[PDB]
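# Descriptive structure summary
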Amino acid sequence: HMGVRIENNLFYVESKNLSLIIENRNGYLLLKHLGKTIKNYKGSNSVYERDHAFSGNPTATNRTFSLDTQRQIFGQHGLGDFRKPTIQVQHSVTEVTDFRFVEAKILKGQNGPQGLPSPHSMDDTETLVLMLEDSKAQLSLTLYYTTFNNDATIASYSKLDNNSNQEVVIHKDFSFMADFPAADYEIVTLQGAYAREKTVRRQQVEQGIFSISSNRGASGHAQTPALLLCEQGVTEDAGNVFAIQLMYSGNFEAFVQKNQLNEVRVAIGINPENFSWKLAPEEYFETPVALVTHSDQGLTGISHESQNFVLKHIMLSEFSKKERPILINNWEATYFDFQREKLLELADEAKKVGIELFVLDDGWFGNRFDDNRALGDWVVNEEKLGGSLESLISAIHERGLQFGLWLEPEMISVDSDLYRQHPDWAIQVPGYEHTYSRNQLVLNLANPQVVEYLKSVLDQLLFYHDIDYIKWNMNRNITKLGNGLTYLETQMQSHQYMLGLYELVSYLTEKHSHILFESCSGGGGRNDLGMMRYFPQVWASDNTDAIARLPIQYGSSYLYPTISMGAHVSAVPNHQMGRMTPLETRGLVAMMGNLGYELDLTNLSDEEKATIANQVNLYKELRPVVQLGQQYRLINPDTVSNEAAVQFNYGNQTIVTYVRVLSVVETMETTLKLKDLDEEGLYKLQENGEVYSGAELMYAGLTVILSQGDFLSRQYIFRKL
Amino acid sequence: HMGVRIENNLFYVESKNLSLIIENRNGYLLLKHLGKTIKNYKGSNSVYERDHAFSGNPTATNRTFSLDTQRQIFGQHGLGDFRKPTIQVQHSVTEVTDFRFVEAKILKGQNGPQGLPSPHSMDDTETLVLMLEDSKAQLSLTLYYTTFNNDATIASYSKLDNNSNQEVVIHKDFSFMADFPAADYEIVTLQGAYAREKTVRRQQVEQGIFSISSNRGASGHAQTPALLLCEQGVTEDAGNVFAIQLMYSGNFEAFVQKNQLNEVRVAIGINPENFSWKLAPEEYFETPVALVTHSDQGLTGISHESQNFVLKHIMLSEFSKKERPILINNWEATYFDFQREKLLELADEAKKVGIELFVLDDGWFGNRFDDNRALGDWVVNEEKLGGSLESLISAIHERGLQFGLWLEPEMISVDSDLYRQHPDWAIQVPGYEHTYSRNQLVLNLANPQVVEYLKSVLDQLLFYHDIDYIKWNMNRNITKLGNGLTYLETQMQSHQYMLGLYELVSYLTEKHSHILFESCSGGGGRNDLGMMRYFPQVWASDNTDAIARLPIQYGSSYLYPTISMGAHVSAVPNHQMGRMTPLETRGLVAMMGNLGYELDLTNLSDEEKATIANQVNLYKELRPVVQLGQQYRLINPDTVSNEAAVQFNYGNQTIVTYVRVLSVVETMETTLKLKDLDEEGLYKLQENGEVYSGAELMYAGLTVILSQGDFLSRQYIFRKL
Amino acid sequence: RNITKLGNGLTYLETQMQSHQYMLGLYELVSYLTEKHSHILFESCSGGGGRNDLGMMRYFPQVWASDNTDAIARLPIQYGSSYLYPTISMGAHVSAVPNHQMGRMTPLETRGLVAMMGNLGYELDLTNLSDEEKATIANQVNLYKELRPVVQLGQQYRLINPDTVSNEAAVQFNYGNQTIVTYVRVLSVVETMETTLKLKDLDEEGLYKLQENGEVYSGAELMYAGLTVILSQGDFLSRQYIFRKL
Amino acid sequence: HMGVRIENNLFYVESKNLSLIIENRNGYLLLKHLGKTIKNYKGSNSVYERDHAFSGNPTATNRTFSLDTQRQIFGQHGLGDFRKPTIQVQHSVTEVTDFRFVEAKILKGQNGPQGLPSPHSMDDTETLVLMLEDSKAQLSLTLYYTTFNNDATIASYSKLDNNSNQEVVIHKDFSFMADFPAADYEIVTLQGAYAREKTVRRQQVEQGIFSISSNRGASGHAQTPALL
Ligand SMILES: OC[C@H]1O[C@H](O[C@@H]2[C@@H](O)[C@H](O)O[C@H](CO)[C@@H]2O)[C@H](O)[C@@H](O)[C@H]1O
Ligand SMILES: OC[C@H]1O[C@H](O[C@@H]2[C@@H](O)[C@H](O)O[C@H](CO)[C@@H]2O)[C@H](O)[C@@H](O)[C@H]1O
Ligand SMILES: OC[C@H]1O[C@H](O[C@@H]2[C@@H](O)[C@H](O)O[C@H](CO)[C@@H]2O)[C@H](O)[C@@H](O)[C@H]1O
């Protein structure tokens with residue numbers, strides 16, 4: 001049985017196979033249990049209350065009760081707890097608050113913070129509402145924990161109300177916190193860099209503080225809003241994992257603190273850096289939604305839990321189970337140097353190889369002949385497109401292709417009519433020169449005039465043209481914060497930018513819900529669950545190298561479903577890596593994701609065209625297995641591995657892709673075992689027609705054979721009889 | 001379905017959840033699969049046959065078939081395989097054989113090598129008989145693999161027949177071998193030392209050869225005939241383990257070889273060191289029984305599999321499910337300095353505290369006033385015992401106690417009437433002085449006159465006296481091998497010693513099957529599955545320190561059931577460690593084994609007596625749980641841990657023992673989770689009367705509280721309602 | 001090949017002796033010939049490095065280190081082959097691409113630099129090379145005629161080891177006023193800061209002139225600050241730094 | 001100062017920056033020190049002699065002296081030492097020998113086994129000759145340790161003489177052995193394969209036995225005769 005229960009001084013937040021059990025102790029909220037379902041909880045794992053040196057107390061005479069030593073669900077500074085705080089509010093002469101629990105309510109169904117991405121399909125949920133108050137400060141803090149009946153996830157966020165007669169200022173307000181008992185733990189995060197997104201990092205939890213964060217105004221290439229706290233020795237198949245994630249695309253922080261007693265605090269939320277929030281009397285602030293997800297089936301377990309939750313409750317329903325079009329994108333193919341004839345020729349060749357969607361990338365607007373001007377000027381360059389965008393689109397439609405278009409709405413060039421008309425719309429500081437990045441500036445989406453302008457321009461573009469797909473780019477990070485009329489308004493502008501962004505994209509994606517929106521930020525610079533609420537796929541990386549893509553796809557699909565993960569067959573030598581890779585391998589690597597093509601098909605040989613046509617026919621068949629099926633990692637492409645292998649199951653279909661990076665010699669062949677088959681099932685391998693029991697494939701496995709050479713790959717395809 | 005099947009050129013050896021699948025390829029036997037059950041095996045994991053440099057071939061023209069690169073079940077040297085061989089026979093001018101498979105048979109039921117310890121309760125077994133021949137040498141080698149319907153174990157051994165007209169000499173003859181595919185593996189072994197027996201060692205498999213062995217004539221304190229080949233990252237709860245073990249108590253070797261291709265060979269058998277075996281025409285040789293055991297449930301899984309197999313098919317049925325008597329042993333209590341009055345006084349005190357069996361240790365025979373004489377002279381010292389042994393035994397029986405007696409039959413003192421009468425009975429080399437050890441010598445049990453003498457003397461002792469229990473000691477290792485009439489007979493004498501030992505002990509244990517025989521060799525110097533075939537318990541270690549016992553019991557019960565594992569509450573300061581430990585902790589540690597007492601009860605305070613009486617009452621209750629129940633390790637006492645914890649389940653009873661070695665300060669309490677409970681079960685904790693769901697105990701766990709101090713312990717006792 | 005089927009003795013014991021007696025026979029043979037013909041340079045070989053030990057190096061002052069002539073596969077091979085044995089012993093040949101063992105394309109420049117960390121030779125059909133490839137080889141030969149004393153007679157310092165996990169190799173040689181450093185990167189990288197490569201065993205106060213840029217660095221700078229190693233995008237790229245002490 | 005010195009019951013084998021210091025204790029040879037040069041060695045790192053369980057003794061009454069627990073320069077089986085032996089000779093009905101030190105000599109200059117590759121340029125070397133005998137077996141084993149004045153290396157080999165009236169058979173005869181004190185150690189070896197020769201392997205020393213070997217009649221692609 002699932003939902004929320006209030007029983008004496010215990011609160012039970014009960015998702016499928018995941019419970020949070022909280023105790024109200026004289027107004028303080030204690031974390032009793034987070035993990036597998038327990039009913040009729042007694043307190044076997046309660047904190048033993050004793051006098052801990054230098055851990056102080058709310059009363060003079062009781063030295064054994066201390067907020068320094070109790071496990072909690074939110075953290076304050078100044079009451080005796082010295083662990084990192086998650087709520088900190090300035091009021092009058094202090095930033096000490098003392099919020100005490102006053103009352104609990106339970107909601108059913110749809111619920112979430114206004115103006116921020118939050119779960120959908122909530123009919124079968126309940127929400128615990130914990131109302132806290134600081135009577136002296138006249139502030140309310142309300143905590144929300146939501147259950148899901150079909151996933152081992154709990155969602156959380158908070159609302160702070162200013163009920164005083166004076167302005168107060170929020171300095172810290174995280175979205176989730178948990179104190180976990182002293183034990184050995186490891187943490188897994190996704191970090192990396194541009195052209196190396198979502199690098200899987202694992203390390204031991206150590207005394208002190210570990211954190212990942214972005215202060216870039218976007219979640220960023222080099223850190224994802226995720227942190228997995230794992231049982232010592234977790235594997236792909238076994239051990240406990242708790243994943244905490246944030247539905248937010250701006251500045252965030254995730255941290256793990258191991259304190260003097262060996263206790264462990266984890267939290268995720270808006271980054272304190274670049275953040276303050278003024279609340280006038282009666283104003284309130286709601287934090288982005290955090291998620292806590294649990295598996296006892298190791299890292300594959302947490303992958304499945306997280307992917308499932310995303311598919312059912314974050315990604316748009318219109319697209320979450322919809323096969324995505326195999327596209328051609330002209331960017332690597334032509335860069336800025338294209339015109340109508342070139343486009344239609346590429347379109348002709350795309351149609352012959354059976355590509356479904358044609359995406360016109362950067363350079364169709366203003367005088368965008370390079371990347372030094374024109375952002376902000378969303379006017380069609382009819383000279384370059386050889387007529388109206390309407391006529392181009394009709395040409396593409398008549399060739400039997402869907403039509404897609406690149407935008408970069410959040411940005412403005414100095415050399416643009418937009419900047420000439422409104423220089424103050426850029427994020428900037430009075431009396432400081434601009435800081436430049438790709439020779440462009442960032443629009444101040446905290447400015448409601450900026451949001452109104454973008455709604456208007458883009459609504460016009462989408463209503464007047466038959467566009468099937470949008471690629472929404474964002475190509476630099478935020479510098480030079482100083483657009484407020486006061487310091488405090490500037491401290492607010494990075495979050496207000498996000499609120500402006502989400503108002504913009506929720507509006508457009510809702511008003512034009514037939515269009516497939518793909519998010520992008522120089523590839524994976526903003527690939528988070530805030531964006532995935534509105535954009536059901538993402539350009540995972542500008543790195544289109546088949547081999548460099550292996551660790552990238554490993555990370556990009558670790559917590560996020562494969563269907564989200566844009567991957568394109570590109571030209572050789574690869575433009576990022578300077579590498580030759582077999583076209584077969586480029587195909588197989590991209591087919592572990594959401595397949596498209598990005599190279600000049602008009603300059604291919606007849607053979608290369610035929611190969612691509614064969615790849616497209618293959619993927620039309622594999623697409624449901626890849627995009628709708630269950631993913632199992634078999635060999636991980638980490639920093640030391642010479643191999644990658646990934647399996648997908650979907651009904652009677654099982655496929656396995658294998659890649660080897662460097663050629664080897666006098667080395668026994670790898671034995672590759674499949675997972676999650678029917679032991680008694682009979683599995684027919686397409687290439688040799690042999691029929692194997694599931695037991696054989698899982699417990700004996702495949703001897704993997706390759707010729708001599710680098711970057712070779714192969715695919716095994718099975719049908720269950 | 002289980003048993004043996006022969007299907008075309010495949011042989012299926014099918015135990016419960018464990019299969020060995022062998023292929024006959026033109027007379028060569030290939031290991032196709034060892035692991036979880038596969039029916040209708042096709043060969044997904046077959047070796048890919050290619051030309052490997054310097055890996056030679058049986059024929060001129062086929063460079064891709066090589067015994068250097070095929071996975072096999074026995075190993076020869078000289079045919080192209082360069083991995084370590086497991087069969088090597090000298091005949092004429094060579095020790096090259098080439099045994100080729102000729103014929104297979106299947107047996108049902110009881111089967112095993114003559115004169116060597118082998119499984120019992122075999123009604124539901126089948127045995128594959130693989131008959132190989134070397135036609136040139138006129139030798140037969142026959143391989144036996146036996147299935148068990150109720151355990152994931154396969155047993156193996158071999159018989160070599162000399163069908164030639166000339167003497168041949170066996171140089172190597174192991175009992176089991178398997179070639180496992182290249183992969184990452186770890187190995188677990190039990191090593192250690194005297195007073196540190198069965199230390200659990202884990203390490204990575206590396207290129208080259210790793211081995212443990214004994215050349216001591218006994219398996220030894222410092223290595224156990226066991227080797228666990230484990231999937232990388234195995235834990236207590238997860239991953240694959242293959243345990244290979246030998247039912248033999250003499251010289252053995254276990255090795256793991258990782259070759260040039262990254263392939264891995266494991267084998268166990270009689271040590272080549274100190275071994276050669278002459279076979280005259282028509283003679284044969286059978287190897288000891290090896291066992292291969294499998295779990296996919298990690299190290300606890302392999303513990304359970306191995307323990308179960310031992311309980312049901314090795315340990316005597318008369319005792320394997322029989323609760324063992326709580327004993328008093330006088331050794332640490334008095335050493336050699338005792339007489340009748342002292343003994344009966346100790347007996348009186350043992351009876352008052354509710355002890356069940358009284359064991360008279362060393363010093364009752366000949367003029368054994370110290371450890372410098374009398375071994376060999378099994379004549380009762382009636383002066384010291386104040387009358388006949390018959391009268392002493394009656395005195396003990398009348399006090400309501402069973403009676404036990406120490407023997408050391410395999411040994412002889414220079415200062416003894418035995419040595420004076422028969423100096424040639426000692427193991428020795430003509431013209432060399434003796435090597436001494438504890439100032440004694442080893443009898444040559446390869447001498448049939450020696451075996452006859454010991455049968456006679458001991459049969460006399462046991463038939464003329466009402467003895468309930470025997471402690472069978474063996475206190476030095478074998479030096480100075482030179483009793484043969486030829487070099488070859490000397491090379492045979494270490495194995496013949498074992499055959500003599502097993503003839504002796506199988507005879508006596510069978511003719512006197514009501515007596516409980518406990519094996520001993522300065523504690524755990526010979527604690528192996530050869531001895532456990534006849535002796536259902538073993539003195540695990542002379543180290544009776546509660547704290548030093550923790551790693552010892554960890555290892556001693558790792559593959560062997562707890563019921564086997566003698567453990568005694570002894571005096572403080574401890575005689576080996578020089579350590580004070582709480583009597584409570586001495587009790588709890590010994591109650592994780594087969595409980596007895598070994599200290600001078602006549603010199604205890606009234607309080608200490610009362611404590612012991614309480615310990616005895618407690619264990620009478622825990623004994624079935626401990627001895628008959630299922631063991632779960634919760635925290636392991638390894639080289640770095642400050643803690644030990646072990647759980648036992650038995651029907652509605654669950655107990656957990658916790659020990660902390662060093663006092664800690666300002667350190668959060670450990671959280672201890674129980675295993676293998678009913679999630680919905682209700683578990684009532686005796687000490688506080690609180691009732692916890694199994695889910696709470698398994699997923700939240702117990703906060704473990706202790707006072708300040710070293711070597712503290714506690715016990716949690718639960719009844720399921 | 002290796003030895004199988006031991007059974008040439010008139011008794012079992014003579015057969016047990018025959019593997020050692022084989023060696024005694026071999027050593028009698030090779031000590032005789034190498035002594036009677038001591039002007040000849042004898043290079044030992046056994047499908048490359050099948051018998052590369054100090055028994056053989058007593059008579060054969062160089063050895064064919066490996067049949068694997070792949071520039072990249074050669075990195076761990078040379079690491080081991082020169083670990084206890086001097087570089088002068090260690091035969092290394094520039095061979096054709098794609099490499100015959102690995103099936104790999106590697107730059108001719110890298111094939112040259114890797115082989116020049118050993119005892120340089122060539123093993124490919126020079127008659128089927130382009131004019132350019134011939135010229136490159138002629139330049140490699142001129143370079144090594146100069147480096148040969150440094151490599152073969154100088155002191156070797158490993159700076160970055162090509163082990164199972166490293167993406168890099170670097171080896172330095174010092175010989176009087178000459179110091180050279182060879183650097184190889186196996187896989188192309190992106191958005192990764194350049195490696196800092198510090199030299200060893202220089203005079204702190206010595207002045208070291210780098211041939212490629214003419215800049216003069218103190219030994220302290222080269223040892224304690226080190227070189228920022230720059231490469232283009234691509235696999236199996238290499239470079240060489242050459243210094244003269246003034 | 002380098003070369004070989006015999007001082008009371010100590011033997012000093014002194015290469016440049018490397019010494020082997022051996023003690024004759026009633027005919028048994030004990031490894032006192034192998035490492036950096038020590039003159040006037042006193043025995044700070046001597047084995048503490050105590051009764052170790054199941055470690056037996058050459059005499060009845062002294063339980064603290066055991067070849068199972070003494071650090072040695074050659075290993076025998078059957079006298080109480082259970083570590084792997086490096087000399088094992090069959091004679092008559094046994095392969096137990098008991099070689100006891102009898103006499104030491106010092107050579108200067110060129111020296112080595114006949115018919116086997118051995119160092120050259122030996123003008124500035126000295127060789128310690130340790131003559132051992134088994135009087136019952138009538139066998140001689142002679143150990144040679146050679147110094148080099150210009151390198152931190154010592155060379156070794158042995159000669160076994162059959163002085164009996166019967167055929168004997170050598171089963172094991174290694175060229176060098178050292179017992180090192182309990183401590184944490186790693187080992188480096190060169191292994192690999194054809195087309196992957198001399199792969200550098202490093203690992204922790206663990207309880208039990210680790211070995212590399214060739215049974216191929218050549219040292220082989222996959223292991224080099226070296227251990228660090
Ligand atoms: O401008 C079109 C382009 O935008 C984004 O990526 C670019 C990248 O291709 C270029 O070479 O560098 C800059 C950074 O300096 C950007 O990251 C899109 O991700 C890309 O797909 C393309 O649409
Ligand atoms: O002699 C009786 C005694 O035999 C075995 O152990 C002894 C040990 O107590 C003594 O102190 O040392 C020697 C070794 O030098 C033996 O190991 C039994 O194991 C012991 O229980 C006792 O019965
Ligand atoms: O036969 C000439 C050849 O001999 C040795 O190597 C060969 C190798 O080239 C060949 O391809 O394979 C076999 C093994 O099956 C040998 O290893 C020399 O090492 C080589 O240089 C060449 O001289």
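Residues numbered from 1 in each chain as written, not as in the entry; some residues may be left out. Chains lettered and ligands numbered in written order. Part of a larger assembly, values for the part shown. Heavy atoms only, no water. Residues with missing side-chain atoms left out of burial classes, pairs and counts.

Per the PDB entry, chain D is named Alpha-galactosidase, and its organism is Streptococcus pneumoniae serotype 4.

In the nomenclature of the PDB entry, chain C is known as Alpha-galactosidase of Streptococcus pneumoniae serotype 4.

### Re the overall build of chain D
Broken down by element type, chain D carries zero helices and 13 strands. Relative to its length of 228 residues, chain D is compact, with a C-alpha radius of gyration of 19 Å against a globular reference of 17 Å. Principal-axis analysis of the C-alpha atoms places the extent of chain D at approximately 55 × 45 × 40 Å. Contacts in chain D between residues at least 24 apart in sequence constitute 46% of all its contacts with a sequence separation of at least 6. (Helix = DSSP H or I, 4+ residues; strand = E, 2+ residues; numbered from the N terminus. Rg over C-alpha atoms; globule rule 2.2 N^0.38 Å. Contact = heavy atoms within 4.5 Å.)

### A few points about the side chain of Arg 368 of chain A
Residues and elements named next belong to chain A. Summarising the element assignment, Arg 368 is placed in the loop between strand 22 (357–360) and helix 5 (389–398). For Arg 368, a relative accessible area of 1% gives the class buried. Polar side-chain contacts of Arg 368 include one of 2.8 Å to the side chain of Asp 362. Separated by 3.1 Å, the side chain of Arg 368 and the backbone oxygen of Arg 373 make a polar contact. Other than its neighbours up to four places away in sequence, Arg 368 contacts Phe 336, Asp 362, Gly 363, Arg 373, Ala 374, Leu 375, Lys 384, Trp 406, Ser 413 and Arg 438. (Buried < 20%, exposed > 50% of the residue type's maximum accessible area, 1.4 Å probe, protein only. Polar contact = N/O pair within 3.5 Å; in protein donor to acceptor, adjacent residues only side chain to side chain.)

### With respect to the environment of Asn 9 of chain A
Residue and element names in this part refer to chain A. Within the secondary structure layout, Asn 9 lies in the loop between strand 1 (3–7) and strand 2 (10–15). Judged by its relative accessible area of 46%, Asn 9 is partly exposed. In this view, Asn 9 contacts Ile 22, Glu 23 and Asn 24; residues no more than four positions away in its chain are not counted.

### As for the interface of chain B and chain D
Across the boundary between the two partners, chain B contributes 56 residues, which contact 50 residues of chain D. Between chain B and chain D the total buried area reaches about 4,100 Å² when both faces are included, carbon and sulfur atoms providing 49% of it. A per-residue breakdown of the area chain B buries against chain D is headed by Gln 207, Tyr 432 and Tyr 487 of chain B, which together make up 19% of the total. Listing elements by their share of the side of chain B that touches chain D, those giving two or more residues are strand 11 (185–193), strand 12 (196–204), strand 13 (208–213) and helix 8 (487–511) of chain B. Element by element, the count of residues in the side of chain B that touches chain D is highest for strand 13 of chain B, at six residues. (Buried area = accessible area lost by both parts, 1.4 Å probe.)

### A few points about the packing of aromatic side chains
In total, this model carries 49 aromatic pairs over all chains according to the counting rule given. Seen in terms of ring centroids, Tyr 144 of chain B and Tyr 157 of chain B are 4.4 Å apart; in terms of plane orientation they differ by 10°. Their pairing is stacked. Taken together, the positions of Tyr 144 of chain B in strand 8 (residues 139–146) and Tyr 157 of chain B in strand 9 (residues 153–162) put the pair 13 residues apart, joining distant regions of the chain. For the pair shown, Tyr 144 of chain B and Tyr 157 of chain B are each scored as buried. Taken together, the aromatic side chains of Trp 364, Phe 365, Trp 378 and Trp 406 of chain A make up a single cluster linked through ring pairs. (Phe/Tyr/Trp six-rings, centres within 6.5 Å; stacked < 30°, edge-to-face > 60°.)

### Focus on the site of ligand 1
Residue and element names in this part refer to chain A. Around ligand 1 sit 14 residues, and of these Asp 361, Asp 362, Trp 406, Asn 475 and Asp 542 come closest. For ligand 1, an oxygen atom lies 2.9 Å from a polar atom in the side chain of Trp 406. The side chain of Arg 438 places a nitrogen or oxygen atom 2.9 Å from an oxygen atom of ligand 1. (Near = heavy atom within 4 Å.)

### Considering the interface of chain C and chain D
Across the boundary between the two partners, chain C contributes 30 residues, which contact 25 residues of chain D. Between chain C and chain D lies a buried interface of about 2,200 Å² when both sides are counted; carbon and sulfur atoms form 60% of it. The interface formed by chain C and chain D holds 13 residue pairs in polar contact in total. When residues of the side of chain C that touches chain D are traced back to their parent elements, those giving at least two are helix 1 (12–36) and helix 2 (74–81) of chain C. Here the residues of the side of chain C that touches chain D sort into 13 nonpolar, 13 polar and four charged. (Nonpolar A, V, L, I, M, F, W, Y, C, P; charged D, E, K, R; others polar.)

### Overview of the sheet that holds strand 3 (residues 18–25) of chain D
Residues and elements named next belong to chain D. Strand order in this open sheet of four strands is 1-2-3-4, and the pairing throughout is antiparallel. Each edge of the sheet is formed by a strand with only one pairing partner; in this case those strands are strand 1 (3–7) and strand 4 (28–35). Ignoring strand direction, the axes of neighbouring strands in this sheet form an average angle of 15°. (Pairing = 2+ DSSP bridges. Axes fitted to C-alpha atoms, helices over the stretch in contact; angles between N-to-C directions.)

### Side note on the site of ligand 3
Around ligand 3, a shell composed of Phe 54 of chain B, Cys 45, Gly 47, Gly 48, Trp 64 and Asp 67 of chain C together with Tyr 194 of chain D is seen. Around ligand 3, the nearby residues trace back to chains B, C and D. With respect to ligand 3, the backbone of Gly 48 of chain C contributes an N or O atom lying 3.0 Å from an oxygen atom. Taken by itself ligand 3 offers 490 Å² of open surface, and the protein chains cover 39% of this. (Areas by Shrake-Rupley, 256 points an atom, 1.4 Å probe, with all protein chains shown as cover.)

### Section: the nonpolar core
Among the nonpolar cores identified, the biggest contains 178 residues, and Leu 29, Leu 34, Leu 130, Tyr 145, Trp 364 and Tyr 597 of chain A are the most heavily contacted of them. A per-element tally of this core places helix 8 (residues 487–511) of chain A first, with eight residues. What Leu 130 of chain A contacts, discounting residues up to four positions off in sequence, is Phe 11, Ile 22, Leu 29, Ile 73, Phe 101, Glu 103, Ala 104, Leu 141, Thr 142, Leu 143 and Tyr 145 of chain A. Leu 31, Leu 229, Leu 246 and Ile 655 of chain B belong to the second largest nonpolar core, which has 154 residues in total. (Core = buried A, V, L, I, M, F, W, Y, C linked by side-chain atoms within 4.5 Å.)

### A closer look at the environment of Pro 61 of chain C
All names here are of chain C. Positionally, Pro 61 belongs in the loop between strand 1 (43–44) and strand 2 (62–64). A sequence separation of 19 residues divides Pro 61 from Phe 42, and the C-alpha atoms of the two residues are 6.7 Å apart. Not counting residues up to four positions away in its chain, the partners in contact with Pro 61 are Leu 41, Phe 42, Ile 88 and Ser 89.

### A look at the pattern of salt bridges
The tally for this structure, following the rule as stated, stands at 98 salt bridges over all chains. Here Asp 362 of chain A ties to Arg 368 of chain A by a salt bridge, and the two come within 2.8 Å at their closest N and O atoms. Pair check on accessibility: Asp 362 of chain A and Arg 368 of chain A agree, each one buried. For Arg 202 of chain D, the salt bridge is made with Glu 186 of chain D, and the minimal N-O distance between the two is 2.7 Å. A residue pair is termed long-range when its members are at least 10 positions apart, and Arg 202 of chain D in strand 12 (residues 196–204) and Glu 186 of chain D in strand 11 (residues 186–193) qualify at 16 residues. We classify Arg 202 of chain D as exposed; its relative accessible area is 58%. The class of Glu 186 of chain D is partly exposed, set by a relative accessible area of 41%. One connected set of salt bridges, linked through shared partners, spans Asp 370, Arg 373, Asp 415, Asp 417 and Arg 420 of chain A. (Salt bridge = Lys/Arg side-chain N within 4 Å of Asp/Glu carboxyl O.)

### A look at the side chain of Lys 198 of chain A
Residues and elements named next belong to chain A. Note that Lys 198 resides in strand 12 (residues 196–204). Of the buried charged residues, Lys 198 lacks a salt bridge, with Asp 528 as the closest side chain of opposite charge at 7.2 Å. Those residues in contact with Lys 198 that sit more than four places away from it in its chain are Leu 190, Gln 191, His 221, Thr 224, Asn 527, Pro 551, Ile 552, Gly 555, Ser 556 and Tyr 560. (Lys, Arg positive; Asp, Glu negative; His and termini not counted.)

### A few points about the sheet that holds strand 7 (residues 178–185) of chain C
All names here are of chain C. With respect to topology, six strands assemble into an open sheet ordered 5-6-7-12-9-10, the strand pairing being antiparallel. The open sheet is flanked by strand 5 (155–160) and strand 10 (216–218), the only strands paired with a single partner. Across the sheet, the mean angle separating the axes of adjacent strands is 25° when strand polarity is ignored. Note that strand 6 (residues 168–175) and strand 7 share eight bridges and pair antiparallel. By the bridge assignment for strand 7, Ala 169 is matched with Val 184. Packing of helix 4 (residues 131–153) onto the sheet brings it into contact with strand 6, strand 7 and strand 12 (237–245), and relative to strand 6 it is tilted by some 85°.

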